[PDB]
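We've got the same protein chain twice here, in two forms, each standing alone as structure tokens: structure 1 and structure 2.
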Structure 1
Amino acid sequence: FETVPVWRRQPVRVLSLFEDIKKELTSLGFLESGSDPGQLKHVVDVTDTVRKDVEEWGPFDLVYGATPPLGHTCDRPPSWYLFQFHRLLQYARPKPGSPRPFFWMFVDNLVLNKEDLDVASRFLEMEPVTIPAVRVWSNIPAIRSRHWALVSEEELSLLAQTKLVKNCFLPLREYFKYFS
């Protein structure tokens, strides 16, 4: 994932899954406020989506995944959001010959138990990083490079039970258009 010159940085085209980050990605200027043709596709229920849908929804540069934020508005087990996120990711991934940068991200708002976490990091091929807090699996290099504040969760198990994960949306600027 080499850095791209500023005069060539096309604007993003992201897919937001179960949680819409439009207003949050707008604030960081990744998309024109004038929406006219959408630059962000949002789907709340993936159950009936096929690969032919994601392919027809235009090529994607970012695929976002997120669990419900302890809202108890969950008619679905927590591992569902992970398995369905992995299913669409392969649908949205372009051909092996890479024409451009492709990034993906899945965040957990502290709803996955230890059993689901070991499944998540295994399906996403990397151990998660905790940003003080939410858990993050992503191929974005700065998220897995910038050492956030590291304190064990032996305290935040009973203690714990969006601006910080907005700062990890930021390192995508080096790759796409900046709007002010």
Structure 2
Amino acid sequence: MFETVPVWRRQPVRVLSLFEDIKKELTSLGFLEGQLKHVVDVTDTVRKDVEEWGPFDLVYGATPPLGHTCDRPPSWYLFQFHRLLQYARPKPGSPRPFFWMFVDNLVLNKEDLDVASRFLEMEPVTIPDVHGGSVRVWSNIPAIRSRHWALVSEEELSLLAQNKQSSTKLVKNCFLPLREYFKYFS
């Protein structure tokens, strides 16, 4: 439970994005105006790196889009994420609010899912997107579990992905509760 913060004492948020950047979609909410550091391949990224990159309030990372845009077994993202996520944590005397989020673009098996959940300490929260003619998330950002839709099935979801191999807007509104902790711009 994170204790809310008054408006006249909320500074710009420092975001660390891994495997994908939110520099754009995060600005669209008035969180930016850089304060966000982006990194693609973390392979050799050491602890001191994640520290000298200035303190962070939000650690974000997400699996590559469905298509295999890059070569590197699924889990990798999760494991690596957990790695730097830890290097990014604050000190014991929790200075200010610290948040993290890992998003999966329907790319992790049901095996890799148990790992991910058990590793990030919580079941994901699947949020769909319907249109008729046209993603899983882990995080500690407030009321992210009361927004879960225990509707969409797995079987269908599997069908969704299997069909995408043979051929944003979602999470963008998950950052809103963060408006209550950091500075909003214009």
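All residue numbers here refer to structure 1's sequence, counted from 1. Here the rigid core means the biggest group of C-alpha atoms that line up within 1.5 Å when the two forms are laid on top of each other. Only residues modelled in both forms are compared.
Summarising the superposition on the core between structures 1 and 2, the listed residues 151, 50, 126, 44 contain exactly one with a Cα shift of 2 Å or larger, 151. At residue 97, the distance the Cα travels between structures 1 and 2 is 0.7 Å after the core is superposed. Per-residue C-alpha deviation between structures 1 and 2, core superposed: residue 73, 1.2 Å.
Remark: 144-157, 159-161 are the runs between structures 1 and 2 in which three or more consecutive shared residues have Cα displacements of 2 Å or more on core superposition.
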